[PDB]
Number of protein chains: 2
Amino acid sequence: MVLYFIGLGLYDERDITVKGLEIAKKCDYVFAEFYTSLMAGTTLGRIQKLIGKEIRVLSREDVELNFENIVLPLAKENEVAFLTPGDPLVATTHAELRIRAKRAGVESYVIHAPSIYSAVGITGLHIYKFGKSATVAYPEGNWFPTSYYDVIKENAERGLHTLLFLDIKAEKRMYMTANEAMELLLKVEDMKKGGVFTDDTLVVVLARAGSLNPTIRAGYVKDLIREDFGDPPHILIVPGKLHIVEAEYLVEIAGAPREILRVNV
Amino acid sequence: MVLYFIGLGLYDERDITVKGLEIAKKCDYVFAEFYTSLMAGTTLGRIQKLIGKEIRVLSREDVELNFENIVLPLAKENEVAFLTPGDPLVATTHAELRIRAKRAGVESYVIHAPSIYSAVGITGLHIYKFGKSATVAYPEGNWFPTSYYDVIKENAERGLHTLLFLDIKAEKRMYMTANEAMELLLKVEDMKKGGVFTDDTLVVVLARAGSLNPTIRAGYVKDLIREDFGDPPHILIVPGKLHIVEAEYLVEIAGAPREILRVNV
Ligand SMILES: Nc1ncnc2c1ncn2[C@@H]1O[C@H](CSCC[C@H](N)C(=O)O)[C@@H](O)[C@H]1O
């Protein structure tokens, strides 16, 4: 009669909360999805070993089209868990699944976990200064989406930071790198000429948040565009004007050039 | 030779990540602060029991004025942890403590935990649509803070949602309720008269996120301003223009008036 939405956290199998782990262990059935994002620091096998239960992986179609036929029937008569990377319901489509549960007469509860949305706090940028967020999507064929560029423009215009989620082909386990994202933005700039993203733009790269050894780097596009930030996932941030405290953290912790202390504050 | 900043999560001792717990258990010394937020579902005793170590609680003064005298000295020759509610670097000034660690020759690492900043996803509002955030502070003396009102105005004009952290006076055991926040906002409205926050404004209240049964309510200020949302902590949200799916969730899960289903495109 109960369905638990449980977040797995940021990077590896230990990023699930103690609460999430203990609940998952007591569930009769455990499902999971790895299409909204991936857990780059672990494997399905290691997650299963930790929970001590077999985990049935569900595809985007399994969930979006058949959640009520695959998960809910069992949840109607058993304790069922649905694991998701990060924090449950951060992904836009997940919230609606709680309505499906209600419709099916199944109670649902949410067990939170760390999300990259809040983990960016490790960049030293004040969380309250982050504005609207966006996703940089790989262009393909004759389709060249650029709305994320406008998001940066609108946030920066108001002195706000912009969190940019990078494209991920979960199924093929292919991650867009911060370098590729920078190249794309420069490409968009060359087309819109809005003066939003150039070689002189200050950016922050956060790779493998959740790991004990994440890569946190800050600097100008011209210098970071070909830098190796390590293994994915990568997150790109275009900060707005900086509070001196933010700038000093970027210099001391993220290796930012001293120049930001006078140019970006 | 190391200092770990470890988040404890939203509501109780089990909201810590497994990673955080396993590291905390092996630390030589464990410190913590409980003034940045309120964990309404646990006690110091229960936290100490789970970690299996004595925890020295620090006051805001101990941290802000003497972190480098109380914590860092021991971190030079031992493995030390500093625990905080939620995520240690979200809506706190703790990021700066990493700079103090560096100058003291102490390596620091961050272990994230669920944060209210991302937990708001449980309200059904799309996380990417949240704009700049703000804090509703208790007026004191002749000083009546109002900057949060302008944040709401700015986000709303862009169609973005506004997350409002609520004030907390840990030493006085005072935790601002959503009701008190709405009352303060109505007063600022009368002063500035910008048509930003009135009795007809739709708001969302999330109380005790992290618990299994948090209070999630949506409705007009005139109807919710005197409603009992249960024990603190509380957070208030002022949505911008809603997507149809957001409205459906607010109606089905947060008990909002079904009239909001009729979005004005
Ligand atoms: N479980 C919870 N439910 C509702 N609001 C919460 C909450 N935890 C924190 N808050 C809100 O956030 C304020 C503290 S701000 C510090 C937040 C913390 N670092 C985090 O990551 O969550 C509180 O006064 C309250 O308004």
# chains A, B, ... in the order shown; residues from 1 in each chain; ligands from 1
call {"tool": "interface_residues", "arguments": {"of": "chain A", "to": "chain B", "cutoff": "7 Å", "atoms": "only C-alpha atoms", "output": "ChimeraX atom specification"}}
result
/A:14-19,89-90,92,95-96,99,109-115,117-119,121-122,124,127-134,210,212,249,252
call {"tool": "residues_around", "arguments": {"residues": "residue 265 in chain B", "least_positions_apart": "3", "cutoff": "10 Å", "atoms": "only C-alpha atoms", "output": "ChimeraX atom specification"}}
result
/B:241-244,262
call {"tool": "select_by_dssp", "arguments": {"residues": "range 81-256 of chain A", "states": "helix (DSSP H, G or I)", "output": "ChimeraX atom specification"}}
result
/A:95-103,116-123,127-129,147-157,170-172,178-192,221-224,244-254
call {"tool": "select_by_dssp", "arguments": {"residues": "range 30-104 of chain A", "states": "strand (DSSP E or B)", "output": "MDAnalysis selection string"}}
result
chainID A and resid 30:33 56:58 79:84 86
call {"tool": "atom_distance", "arguments": {"atom1": "CA of residue 225 in chain B", "atom2": "CA of residue 145 in chain B"}}
result
19.8 Å
call {"tool": "residues_around", "arguments": {"residues": "residue 1 in chain B", "least_positions_apart": "3", "cutoff": "8 Å", "atoms": "only C-alpha atoms", "output": "list in words"}}
result
residues 75, 76, 77, 78, 79, 106 and 107 of chain B
call {"tool": "write_last_selection", "arguments": {"atoms": "C-alpha atoms", "output": "compact mmCIF listing (two decimals), in the first residue's frame"}}
result
# COMPACT_ATOMS: atom_id res chain seq x y z
CA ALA B 75 42.11 19.35 12.62
CA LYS B 76 45.84 19.84 12.15
CA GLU B 77 46.72 16.57 13.91
CA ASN B 78 43.45 14.62 13.65
CA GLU B 79 40.44 13.82 11.46
CA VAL B 106 44.14 22.15 7.11
CA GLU B 107 42.63 20.23 4.18
call {"tool": "closest_atom_pairs", "arguments": {"of": "range 233-256 of chain B", "to": "range 37-47 of chain B", "cutoff": "12 Å", "atoms": "only C-alpha atoms", "output": "Markdown table"}}
result
| residue | atom | partner | partner_atom | distance |
| --- | --- | --- | --- | --- |
| B:233 | CA | B:38 | CA | 6.1 |
| B:234 | CA | B:38 | CA | 9.5 |
| B:235 | CA | B:37 | CA | 11.3 |
call {"tool": "write_last_selection", "arguments": {"atoms": "N, CA, C and O atoms", "output": "CSV table (one decimal), in the first residue's frame"}}
result
chain,number,residue,atom,x,y,z
B,233,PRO,N,10.4,23.7,11.3
B,233,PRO,CA,10.6,24.9,10.5
B,233,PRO,C,9.6,25.0,9.3
B,233,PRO,O,9.1,24.0,8.8
B,234,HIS,N,9.4,26.2,8.8
B,234,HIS,CA,8.5,26.4,7.7
B,234,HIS,C,9.3,27.2,6.6
B,234,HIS,O,10.2,27.9,6.9
B,235,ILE,N,8.8,27.1,5.4
B,235,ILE,CA,9.4,27.8,4.3
B,235,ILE,C,8.2,28.3,3.5
B,235,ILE,O,7.1,27.6,3.4
call {"tool": "residues_around", "arguments": {"residues": "residue 187 in chain B", "least_positions_apart": "6", "cutoff": "12 Å", "atoms": "only C-alpha atoms", "output": "short mmCIF file (atom, residue, chain, number, x, y, z; two decimals) with N, CA and C atoms, in the first residue's frame"}}
result
data_model
loop_
_atom_site.label_atom_id
_atom_site.label_comp_id
_atom_site.auth_asym_id
_atom_site.auth_seq_id
_atom_site.Cartn_x
_atom_site.Cartn_y
_atom_site.Cartn_z
N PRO B 139 11.57 41.92 12.09
CA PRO B 139 11.94 43.33 12.23
C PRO B 139 12.52 43.48 13.64
N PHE B 144 13.05 47.56 9.86
CA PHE B 144 12.07 46.64 9.29
C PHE B 144 12.55 46.22 7.90
N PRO B 145 13.23 45.07 7.80
CA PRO B 145 13.75 44.55 6.52
C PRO B 145 12.66 44.40 5.47
N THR B 146 12.95 44.77 4.22
CA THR B 146 11.96 44.66 3.16
C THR B 146 12.50 44.17 1.82
N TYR B 149 10.76 41.56 -0.43
CA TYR B 149 9.59 41.95 -1.21
C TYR B 149 10.01 42.24 -2.65
N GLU B 180 3.54 34.23 10.10
CA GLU B 180 4.22 35.47 10.45
C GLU B 180 4.86 36.11 9.22
N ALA B 181 5.36 35.28 8.31
CA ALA B 181 5.98 35.79 7.09
C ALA B 181 4.94 36.47 6.20
N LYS B 193 3.05 49.26 -1.95
CA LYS B 193 1.89 49.17 -2.83
C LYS B 193 2.27 48.83 -4.27
N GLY B 194 2.96 47.71 -4.45
CA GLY B 194 3.37 47.30 -5.78
C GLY B 194 2.49 46.22 -6.37
N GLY B 195 1.52 45.75 -5.59
CA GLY B 195 0.63 44.71 -6.07
C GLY B 195 1.35 43.38 -6.18
N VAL B 196 2.37 43.22 -5.34
CA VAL B 196 3.19 42.02 -5.33
C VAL B 196 2.66 40.93 -4.39
N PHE B 197 2.20 41.33 -3.22
CA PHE B 197 1.70 40.37 -2.24
C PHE B 197 0.42 40.88 -1.60
N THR B 198 -0.71 40.25 -1.93
CA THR B 198 -2.00 40.66 -1.37
C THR B 198 -2.78 39.44 -0.91
N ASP B 199 -4.00 39.68 -0.42
CA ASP B 199 -4.85 38.59 0.04
C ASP B 199 -5.19 37.61 -1.07
#
call {"tool": "closest_residue", "arguments": {"among": "B:147, B:201, B:48, B:215", "to": "ligand 1", "atoms": "only C-alpha atoms and all ligand atoms"}}
result
B:215
call {"tool": "residues_around", "arguments": {"residues": "residue 218 in chain B", "least_positions_apart": "4", "cutoff": "7 Å", "atoms": "only C-alpha atoms", "output": "ChimeraX atom specification"}}
result
/B:203-205,250,254-256
call {"tool": "write_last_selection", "arguments": {"atoms": "N, CA and C atoms", "output": "tab-separated table (two decimals), in the first residue's frame"}}
result
chain	number	residue	atom	x	y	z
B	203	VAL	N	0.08	31.31	-2.69
B	203	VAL	CA	1.33	30.97	-2.02
B	203	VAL	C	1.37	29.48	-1.73
B	204	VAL	N	2.56	28.98	-1.41
B	204	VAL	CA	2.73	27.58	-1.09
B	204	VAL	C	3.54	27.52	0.20
B	205	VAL	N	3.12	26.66	1.11
B	205	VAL	CA	3.81	26.49	2.38
B	205	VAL	C	4.30	25.05	2.50
B	250	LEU	N	-0.44	20.98	-7.32
B	250	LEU	CA	-0.83	21.80	-6.18
B	250	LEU	C	-2.27	21.50	-5.76
B	254	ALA	N	-1.37	19.35	-2.72
B	254	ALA	CA	-1.29	20.41	-1.72
B	254	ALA	C	-2.64	21.05	-1.38
B	255	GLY	N	-3.72	20.43	-1.85
B	255	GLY	CA	-5.06	20.92	-1.58
B	255	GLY	C	-5.43	22.32	-2.05
B	256	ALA	N	-4.80	22.79	-3.13
B	256	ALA	CA	-5.09	24.12	-3.64
B	256	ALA	C	-6.49	24.22	-4.26
